[PDB]
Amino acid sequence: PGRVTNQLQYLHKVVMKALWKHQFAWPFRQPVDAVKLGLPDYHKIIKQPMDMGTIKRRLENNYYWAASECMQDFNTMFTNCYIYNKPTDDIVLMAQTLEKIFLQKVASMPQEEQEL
């Protein structure tokens, strides 16, 4: 039930392009491995894991029907990091840096969504 829209193509070709290459992207390109990291409480706190590797694949595979779905996955990723981790943890500053770039890129997105 997926579509290609102008906003989803923008989120793929402009927003994700910028975030995927960023120096702080590496913890977020793939799901958190709570076993490997030794975080037995991770999945007790985070009930909807999300990462940029999953988002990127959904964009590539036209999984989304509408840009809001992709925006929601980005918000889940960032909030998940802020909820699980502590405010002074490095990972949170990395996530906030990525969120700043996300927001700056989204600010130039077409304001109206249309299928292509």
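If you superpose the two forms and keep the largest set of C-alpha atoms that fall within 1.5 Å, you have the rigid core. In this text, residue numbers run from 1 along the sequence as written.
Fitting each structure in 5 other deposited structures of this protein onto the rigid core and averaging C-alpha distances over structures and residues, 35-43 emerges as the more displaced of 50-58 and 35-43. Judged by mean Cα B factor in the deposited record, 35-43 ranks above the other of 35-43 and 78-86. Just going by the entry, 10-18 versus 103-111 on mean CA temperature factor gives the higher value to 103-111. Remark: of 54, 68, 62, 48, 48 shows the highest value [criterion: C-alpha B-factor in the PDB entry]. Residue 97: CA B factor lies in the middle third for its chain, per the PDB record.
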